[PDB]
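**Student:** This is target_24.txt, which holds compact mmCIF, C-alpha atoms:
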# COMPACT_ATOMS: atom_id res chain seq x y z
CA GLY A 4 0.00 0.00 0.00
CA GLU A 5 2.94 2.33 0.61
CA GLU A 6 3.23 3.33 -3.05
CA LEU A 7 -0.04 5.26 -2.86
CA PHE A 8 1.70 7.75 -0.54
CA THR A 9 4.93 8.52 -2.45
CA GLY A 10 3.78 12.05 -3.23
CA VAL A 11 1.20 14.64 -2.21
CA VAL A 12 -2.30 13.15 -1.94
CA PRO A 13 -5.56 15.15 -1.83
CA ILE A 14 -7.75 14.63 1.23
CA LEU A 15 -11.47 14.85 1.88
CA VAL A 16 -12.91 14.68 5.40
CA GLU A 17 -16.64 14.42 6.08
CA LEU A 18 -18.03 14.36 9.62
CA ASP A 19 -21.67 13.92 10.64
CA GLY A 20 -22.10 14.83 14.30
CA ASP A 21 -24.67 14.80 17.08
CA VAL A 22 -23.65 16.00 20.56
CA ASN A 23 -26.43 16.07 23.18
CA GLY A 24 -28.90 16.35 20.30
CA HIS A 25 -27.02 19.23 18.63
CA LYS A 26 -26.56 18.08 15.04
CA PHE A 27 -23.75 19.45 12.88
CA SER A 28 -21.68 18.65 9.81
CA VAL A 29 -18.04 19.36 9.00
CA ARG A 30 -16.30 19.14 5.63
CA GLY A 31 -12.53 19.31 5.28
CA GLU A 32 -10.33 19.51 2.21
CA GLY A 33 -6.59 19.68 1.69
CA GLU A 34 -3.65 17.38 1.13
CA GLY A 35 -1.27 15.07 2.90
CA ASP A 36 2.40 14.29 2.39
CA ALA A 37 3.47 11.01 4.00
CA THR A 38 7.15 11.47 3.13
CA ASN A 39 7.33 14.33 5.66
CA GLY A 40 4.25 13.53 7.76
CA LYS A 41 2.54 16.81 6.87
CA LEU A 42 -1.19 17.55 6.65
CA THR A 43 -2.59 20.83 5.29
CA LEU A 44 -6.37 21.08 5.72
CA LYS A 45 -9.26 23.52 6.06
CA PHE A 46 -12.44 22.43 7.82
CA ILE A 47 -15.81 24.18 7.56
CA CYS A 48 -18.93 23.63 9.62
CA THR A 49 -21.48 23.44 6.81
CA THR A 50 -24.52 23.56 9.12
CA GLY A 51 -23.76 26.87 10.83
CA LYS A 52 -21.89 27.18 14.11
CA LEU A 53 -19.99 24.28 15.62
CA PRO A 54 -21.58 23.45 19.00
CA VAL A 55 -18.28 22.04 20.32
CA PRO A 56 -14.77 23.57 20.29
CA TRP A 57 -12.74 22.89 17.16
CA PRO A 58 -9.76 21.47 19.12
CA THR A 59 -11.96 18.67 20.51
CA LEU A 60 -12.55 17.35 16.97
CA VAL A 61 -8.92 17.39 15.75
CA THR A 62 -8.14 13.77 16.68
CA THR A 63 -11.35 12.60 15.00
CA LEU A 64 -10.82 14.63 11.81
CA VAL A 68 -5.77 10.14 8.72
CA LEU A 69 -2.85 8.27 10.30
CA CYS A 70 -1.88 6.80 6.92
CA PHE A 71 -0.07 10.11 6.38
CA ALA A 72 2.29 9.61 9.33
CA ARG A 73 5.99 9.53 8.45
CA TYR A 74 7.17 5.98 9.06
CA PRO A 75 10.98 5.87 8.75
CA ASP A 76 12.36 3.08 6.61
CA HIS A 77 13.53 1.02 9.58
CA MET A 78 9.84 0.92 10.59
CA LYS A 79 8.37 -0.02 7.19
CA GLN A 80 7.11 -3.43 8.32
CA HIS A 81 5.16 -1.65 11.10
CA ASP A 82 2.98 0.79 9.08
CA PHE A 83 -0.46 -0.78 9.40
CA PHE A 84 -2.27 2.30 8.12
CA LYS A 85 -0.74 2.36 4.62
CA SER A 86 -0.70 -1.44 4.37
CA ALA A 87 -4.52 -1.43 4.47
CA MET A 88 -4.72 0.82 1.42
CA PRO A 89 -6.41 1.30 -0.98
CA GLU A 90 -9.32 -0.66 0.58
CA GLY A 91 -8.84 1.24 3.81
CA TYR A 92 -9.61 0.74 7.46
CA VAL A 93 -12.26 1.50 10.05
CA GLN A 94 -11.16 3.75 12.91
CA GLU A 95 -13.34 3.76 16.03
CA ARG A 96 -12.82 5.76 19.22
CA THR A 97 -14.41 6.47 22.56
CA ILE A 98 -13.23 9.84 23.91
CA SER A 99 -14.10 10.54 27.54
CA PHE A 100 -13.88 14.14 28.76
CA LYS A 101 -13.03 14.32 32.46
CA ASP A 102 -16.01 15.60 34.45
CA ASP A 103 -18.04 15.83 31.23
CA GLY A 104 -19.55 13.71 28.45
CA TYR A 105 -17.95 11.42 25.88
CA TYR A 106 -17.67 11.10 22.10
CA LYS A 107 -18.03 7.86 20.20
CA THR A 108 -16.71 7.91 16.64
CA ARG A 109 -16.69 5.49 13.72
CA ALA A 110 -14.82 6.39 10.57
CA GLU A 111 -13.77 4.78 7.34
CA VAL A 112 -10.43 5.90 5.92
CA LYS A 113 -9.91 4.73 2.35
CA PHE A 114 -9.04 5.85 -1.16
CA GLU A 115 -11.96 7.02 -3.30
CA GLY A 116 -10.09 7.29 -6.56
CA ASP A 117 -7.23 9.74 -6.25
CA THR A 118 -8.47 11.18 -2.94
CA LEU A 119 -7.89 9.81 0.56
CA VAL A 120 -11.26 10.12 2.31
CA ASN A 121 -12.03 10.09 6.06
CA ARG A 122 -15.80 9.70 6.55
CA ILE A 123 -16.90 9.93 10.19
CA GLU A 124 -20.00 9.48 12.31
CA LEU A 125 -19.73 11.13 15.74
CA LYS A 126 -22.12 10.96 18.68
CA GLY A 127 -21.64 12.84 21.94
CA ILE A 128 -23.55 11.90 25.10
CA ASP A 129 -23.85 13.20 28.69
CA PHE A 130 -22.18 16.60 28.17
CA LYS A 131 -22.80 19.56 30.47
CA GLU A 132 -24.35 22.52 28.63
CA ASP A 133 -22.30 24.87 30.83
CA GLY A 134 -19.15 22.70 30.84
CA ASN A 135 -15.94 23.32 28.90
CA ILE A 136 -17.10 21.64 25.68
CA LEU A 137 -20.68 22.80 25.09
CA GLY A 138 -19.78 26.06 26.86
CA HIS A 139 -16.81 26.76 24.55
CA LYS A 140 -14.15 27.28 27.24
CA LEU A 141 -11.15 25.73 25.45
CA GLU A 142 -8.23 27.64 23.94
CA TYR A 143 -7.90 27.51 20.16
CA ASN A 144 -4.79 25.33 20.00
CA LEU A 145 -3.78 21.71 20.45
CA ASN A 146 -0.52 20.72 22.02
CA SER A 147 1.80 17.96 20.92
CA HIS A 148 0.96 14.41 21.95
CA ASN A 149 2.41 10.91 21.64
CA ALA A 150 0.17 7.93 20.94
CA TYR A 151 1.42 4.40 21.59
CA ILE A 152 0.27 1.98 18.88
CA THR A 153 -0.06 -1.73 19.69
CA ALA A 154 -1.10 -4.66 17.55
CA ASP A 155 -4.68 -5.90 17.96
CA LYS A 156 -4.01 -9.43 16.74
CA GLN A 157 -7.52 -10.88 17.13
CA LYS A 158 -8.90 -8.10 14.90
CA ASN A 159 -5.98 -8.01 12.41
CA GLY A 160 -5.64 -4.33 13.25
CA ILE A 161 -4.22 -1.91 15.84
CA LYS A 162 -5.30 -0.23 19.05
CA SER A 163 -4.20 2.83 20.99
CA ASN A 164 -5.14 4.69 24.11
CA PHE A 165 -3.83 8.11 25.01
CA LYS A 166 -4.85 11.23 26.87
CA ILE A 167 -5.32 14.59 25.16
CA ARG A 168 -4.75 17.70 27.29
CA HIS A 169 -6.95 20.63 26.21
CA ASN A 170 -6.06 24.07 27.53
CA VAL A 171 -8.99 25.75 29.32
CA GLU A 172 -9.22 29.53 29.08
CA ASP A 173 -8.90 29.88 32.89
CA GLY A 174 -5.51 28.12 32.96
CA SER A 175 -6.73 24.64 33.89
CA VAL A 176 -6.54 21.56 31.67
CA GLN A 177 -9.42 19.46 30.32
CA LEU A 178 -8.44 15.80 29.80
CA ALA A 179 -9.91 13.74 26.94
CA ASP A 180 -9.16 10.03 27.36
CA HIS A 181 -8.95 8.34 23.94
CA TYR A 182 -9.40 4.63 23.30
CA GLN A 183 -8.96 3.70 19.66
CA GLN A 184 -9.42 0.59 17.52
CA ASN A 185 -8.54 0.16 13.84
CA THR A 186 -9.65 -2.74 11.61
CA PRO A 187 -8.94 -3.28 7.89
CA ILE A 188 -11.78 -3.08 5.41
CA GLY A 189 -10.08 -5.40 2.92
CA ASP A 190 -8.87 -8.96 3.35
CA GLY A 191 -5.40 -8.59 1.85
CA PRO A 192 -2.17 -8.76 3.84
CA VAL A 193 -1.74 -5.96 6.38
CA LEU A 194 1.23 -5.18 8.63
CA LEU A 195 0.65 -5.76 12.35
CA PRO A 196 3.26 -3.55 14.07
CA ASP A 197 5.52 -3.98 17.00
CA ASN A 198 4.77 -1.50 19.76
CA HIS A 199 5.73 2.03 18.77
CA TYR A 200 4.41 5.55 18.99
CA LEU A 201 3.24 8.36 16.76
CA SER A 202 4.27 11.94 17.63
CA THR A 203 1.85 14.69 16.54
CA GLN A 204 1.95 18.48 16.61
CA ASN A 205 -0.62 20.94 15.33
CA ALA A 206 -0.99 24.58 14.39
CA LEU A 207 -4.56 25.89 14.35
CA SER A 208 -5.38 29.12 12.58
CA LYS A 209 -8.12 31.17 10.92
CA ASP A 210 -8.70 32.28 7.33
CA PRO A 211 -9.62 36.00 7.49
CA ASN A 212 -11.52 35.72 4.18
CA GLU A 213 -13.65 32.87 5.60
CA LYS A 214 -16.88 34.02 7.20
CA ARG A 215 -17.99 30.46 8.00
CA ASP A 216 -17.07 28.78 11.28
CA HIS A 217 -13.89 26.98 10.30
CA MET A 218 -10.47 25.65 11.28
CA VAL A 219 -7.27 25.86 9.28
CA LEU A 220 -5.01 23.02 10.38
CA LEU A 221 -1.37 22.12 9.88
CA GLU A 222 -0.30 18.78 11.31
CA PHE A 223 2.94 16.82 11.50
CA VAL A 224 2.82 13.14 12.48
CA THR A 225 6.02 11.10 12.83
CA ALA A 226 6.47 7.48 13.91
CA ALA A 227 9.28 6.34 16.21
CA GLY A 228 10.15 3.91 18.99
CA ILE A 229 11.88 0.92 17.36
Would you put the structure from the file into structure tokens?

**Tutor:**
Amino acid sequence: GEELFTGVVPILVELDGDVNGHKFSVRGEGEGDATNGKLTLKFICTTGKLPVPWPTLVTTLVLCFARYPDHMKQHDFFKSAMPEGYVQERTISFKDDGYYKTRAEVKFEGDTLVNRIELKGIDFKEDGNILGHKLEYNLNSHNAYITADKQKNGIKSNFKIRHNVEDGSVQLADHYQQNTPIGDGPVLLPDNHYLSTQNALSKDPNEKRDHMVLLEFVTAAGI
């Protein structure tokens, strides 16, 4: 599957969301460059205003674009599943608040790498940090430890995201993640390793819609 990522690849992201009954849609477009681990994307909320903070959706909104160094080539599950793709599911628990459950398919649709997501959020506090929009517009660097999920022929990961709250506190989001191939062909079940991710979030001054401009770098290491 690796050959599909030798150059720059266009990306489409589509998210259908429902958080405490608040329905919303997000569409993202841009490109990814797996040789350097770089993602360049712009996300728009196509239904109006996002009812949750943009940084809480970053992890949900394409790990096949991570830079796997050559000594780790037999450990890149994400590209090995391509072009058929993989399912990515998560439960994301916000400390002292509600939780997200997400199910996505990540696969090639012709020339474009497409991440199509369903998100549900349950048990949030309308005046809490998420539905109350109390999180800074940034996302700090994080490491995610990837382990083989042998029974499912896929991978799993759990990691905590630390969201900066405008009052100086931190809001934890505990991620549990499972990935399963869509195809039947040979995929690469990795040794334990980790992905390192950093993000820059910005705004397009010519964009009057609620939106997020995102730059992301994801690099694999640990073996």

**Student:** Hey, which of A:41, A:209, A:109, A:30 ends up closest to residue 225 in chain A? Count only C-alpha atoms.

**Tutor:**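 Going through A:41, A:209, A:109, A:30 one by one, the smallest distance to residue 225 in chain A is for A:41.
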
**Student:** Select, from A:179, A:78, A:53, A:64, the residue with the minimum atom-to-atom distance to residue 194 in chain A, counting all atoms listed in the file.

**Tutor:**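 Distance minimum relative to residue 194 in chain A lands on A:78.
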
**Student:** List as a ChimeraX atom specification the protein and nucleic acid residues near residue 183 in chain A, meaning an atom at most 9 Å away when all atoms listed in the file are counted, but skip any in the same chain fewer than 3 places from it.

**Tutor:** /A:94-98,161-165

**Student:** Which residue out of A:88, A:227, A:193, A:22 has the minimum interatomic distance to residue 128 in chain A when only C-alpha atoms are used?

**Tutor:** A:22

**Student:** CA of residue 201 in chain A and CA of residue 224 in chain A are how many Å apart?

**Tutor:**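 Between CA of residue 201 in chain A and CA of residue 224 in chain A the gap is 6.4 Å.
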
**Student:** Check the smallest atom-to-atom distance from each of A:59, A:28, A:23, A:80 to residue 197 in chain A using all atoms listed in the file, then report the winner.

**Tutor:**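 So, comparing all the options, the nearest one is A:80.
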
**Student:** Please report the interatomic distance between CA of residue 49 in chain A and CA of residue 129 in chain A in Å with one decimal.

**Tutor:**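 Separation of CA of residue 49 in chain A and CA of residue 129 in chain A: 24.3 Å.
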
**Student:** Taking only C-alpha atoms into account, name the residue in A:125, A:89, A:6, A:99 that is nearest to residue 19 in chain A.

**Tutor:**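 Ranking A:125, A:89, A:6, A:99 by distance to residue 19 in chain A, first place goes to A:125.
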
**Student:** If we count only C-alpha atoms and set the cut-off at 6 Å, which residues sit around range 144-160 of chain A, ignoring sequence neighbours fewer than 5 positions away in its own chain? Please answer as a PyMOL selection string.

**Tutor:** chain A and resi 165+185-186+195-196+198-204+207

**Student:** How many Å lie between CA of residue 8 in chain A and CA of residue 72 in chain A, rounded to one decimal?

**Tutor:**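 Result for CA of residue 8 in chain A versus CA of residue 72 in chain A: 10.1 Å, one decimal.
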
**Student:** If you count all atoms listed in the file, which residues fall within 7 Å of residue 18 in chain A, apart from same-chain ones fewer than 2 positions away, as an MDAnalysis selection string?

**Tutor:** chainID A and resid 16 20 28:30 122:124

**Student:** Could you save those same residues with C-alpha atoms as a PDB file, in the frame of the given file?

**Tutor:**
ATOM      1  CA  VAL A  16     -12.910  14.680   5.400  1.00  0.00           C
ATOM      2  CA  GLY A  20     -22.100  14.830  14.300  1.00  0.00           C
ATOM      3  CA  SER A  28     -21.680  18.650   9.810  1.00  0.00           C
ATOM      4  CA  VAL A  29     -18.040  19.360   9.000  1.00  0.00           C
ATOM      5  CA  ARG A  30     -16.300  19.140   5.630  1.00  0.00           C
ATOM      6  CA  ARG A 122     -15.800   9.700   6.550  1.00  0.00           C
ATOM      7  CA  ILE A 123     -16.900   9.930  10.190  1.00  0.00           C
ATOM      8  CA  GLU A 124     -20.000   9.480  12.310  1.00  0.00           C
TER       9      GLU A 124
END

**Student:** Of the candidates A:92, A:114, A:83, A:100, which shows the shortest atom-to-atom distance to residue 134 in chain A, using only C-alpha atoms?

**Tutor:** A:100

**Student:** Complete the atom set of range 46-63 of chain A to N, CA, C and O atoms and return it as a PDB file, keeping the file's coordinate frame.

**Tutor:**
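Heads up, here's the output in part.pdb:
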ATOM      1  N   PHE A  46     -11.172  23.026   7.437  1.00  0.00           N
ATOM      2  CA  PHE A  46     -12.440  22.430   7.820  1.00  0.00           C
ATOM      3  C   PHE A  46     -13.474  23.526   7.960  1.00  0.00           C
ATOM      4  O   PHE A  46     -13.174  24.589   8.512  1.00  0.00           O
ATOM      5  N   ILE A  47     -14.678  23.267   7.462  1.00  0.00           N
ATOM      6  CA  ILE A  47     -15.810  24.180   7.560  1.00  0.00           C
ATOM      7  C   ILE A  47     -16.959  23.450   8.218  1.00  0.00           C
ATOM      8  O   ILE A  47     -17.218  22.281   7.911  1.00  0.00           O
ATOM      9  N   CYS A  48     -17.652  24.129   9.127  1.00  0.00           N
ATOM     10  CA  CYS A  48     -18.930  23.630   9.620  1.00  0.00           C
ATOM     11  C   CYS A  48     -20.001  24.104   8.655  1.00  0.00           C
ATOM     12  O   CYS A  48     -20.290  25.304   8.572  1.00  0.00           O
ATOM     13  N   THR A  49     -20.560  23.164   7.906  1.00  0.00           N
ATOM     14  CA  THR A  49     -21.480  23.440   6.810  1.00  0.00           C
ATOM     15  C   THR A  49     -22.911  23.641   7.276  1.00  0.00           C
ATOM     16  O   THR A  49     -23.774  23.963   6.455  1.00  0.00           O
ATOM     17  N   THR A  50     -23.177  23.457   8.565  1.00  0.00           N
ATOM     18  CA  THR A  50     -24.520  23.560   9.120  1.00  0.00           C
ATOM     19  C   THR A  50     -24.692  24.810   9.977  1.00  0.00           C
ATOM     20  O   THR A  50     -25.732  24.967  10.625  1.00  0.00           O
ATOM     21  N   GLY A  51     -23.699  25.689  10.002  1.00  0.00           N
ATOM     22  CA  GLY A  51     -23.760  26.870  10.830  1.00  0.00           C
ATOM     23  C   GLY A  51     -22.596  26.944  11.797  1.00  0.00           C
ATOM     24  O   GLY A  51     -21.432  26.880  11.391  1.00  0.00           O
ATOM     25  N   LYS A  52     -22.905  27.074  13.080  1.00  0.00           N
ATOM     26  CA  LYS A  52     -21.890  27.180  14.110  1.00  0.00           C
ATOM     27  C   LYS A  52     -21.619  25.798  14.693  1.00  0.00           C
ATOM     28  O   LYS A  52     -22.539  24.997  14.871  1.00  0.00           O
ATOM     29  N   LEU A  53     -20.352  25.523  14.956  1.00  0.00           N
ATOM     30  CA  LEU A  53     -19.990  24.280  15.620  1.00  0.00           C
ATOM     31  C   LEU A  53     -20.416  24.367  17.075  1.00  0.00           C
ATOM     32  O   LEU A  53     -20.096  25.359  17.741  1.00  0.00           O
ATOM     33  N   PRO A  54     -21.157  23.390  17.596  1.00  0.00           N
ATOM     34  CA  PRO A  54     -21.580  23.450  19.000  1.00  0.00           C
ATOM     35  C   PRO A  54     -20.516  22.959  19.980  1.00  0.00           C
ATOM     36  O   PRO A  54     -20.726  23.059  21.195  1.00  0.00           O
ATOM     37  N   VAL A  55     -19.392  22.461  19.483  1.00  0.00           N
ATOM     38  CA  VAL A  55     -18.280  22.040  20.320  1.00  0.00           C
ATOM     39  C   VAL A  55     -17.049  22.818  19.878  1.00  0.00           C
ATOM     40  O   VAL A  55     -17.032  23.382  18.770  1.00  0.00           O
ATOM     41  N   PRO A  56     -16.001  22.872  20.707  1.00  0.00           N
ATOM     42  CA  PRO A  56     -14.770  23.570  20.290  1.00  0.00           C
ATOM     43  C   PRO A  56     -14.016  22.783  19.232  1.00  0.00           C
ATOM     44  O   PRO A  56     -13.851  21.563  19.329  1.00  0.00           O
ATOM     45  N   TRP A  57     -13.544  23.507  18.217  1.00  0.00           N
ATOM     46  CA  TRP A  57     -12.740  22.890  17.160  1.00  0.00           C
ATOM     47  C   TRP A  57     -11.612  22.007  17.672  1.00  0.00           C
ATOM     48  O   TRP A  57     -11.405  20.929  17.094  1.00  0.00           O
ATOM     49  N   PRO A  58     -10.857  22.360  18.716  1.00  0.00           N
ATOM     50  CA  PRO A  58      -9.760  21.470  19.120  1.00  0.00           C
ATOM     51  C   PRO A  58     -10.242  20.104  19.591  1.00  0.00           C
ATOM     52  O   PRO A  58      -9.470  19.141  19.488  1.00  0.00           O
ATOM     53  N   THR A  59     -11.492  19.978  20.053  1.00  0.00           N
ATOM     54  CA  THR A  59     -11.960  18.670  20.510  1.00  0.00           C
ATOM     55  C   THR A  59     -12.230  17.707  19.370  1.00  0.00           C
ATOM     56  O   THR A  59     -12.385  16.506  19.631  1.00  0.00           O
ATOM     57  N   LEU A  60     -12.293  18.196  18.135  1.00  0.00           N
ATOM     58  CA  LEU A  60     -12.550  17.350  16.970  1.00  0.00           C
ATOM     59  C   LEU A  60     -11.289  16.998  16.196  1.00  0.00           C
ATOM     60  O   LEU A  60     -11.382  16.227  15.227  1.00  0.00           O
ATOM     61  N   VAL A  61     -10.128  17.568  16.562  1.00  0.00           N
ATOM     62  CA  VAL A  61      -8.920  17.390  15.750  1.00  0.00           C
ATOM     63  C   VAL A  61      -8.547  15.912  15.645  1.00  0.00           C
ATOM     64  O   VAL A  61      -8.233  15.421  14.553  1.00  0.00           O
ATOM     65  N   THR A  62      -8.544  15.182  16.771  1.00  0.00           N
ATOM     66  CA  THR A  62      -8.140  13.770  16.680  1.00  0.00           C
ATOM     67  C   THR A  62      -9.114  12.964  15.831  1.00  0.00           C
ATOM     68  O   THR A  62      -8.697  12.033  15.141  1.00  0.00           O
ATOM     69  N   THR A  63     -10.388  13.344  15.811  1.00  0.00           N
ATOM     70  CA  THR A  63     -11.350  12.600  15.000  1.00  0.00           C
ATOM     71  C   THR A  63     -11.161  12.914  13.511  1.00  0.00           C
ATOM     72  O   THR A  63     -11.210  12.010  12.656  1.00  0.00           O
TER      73      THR A  63
END
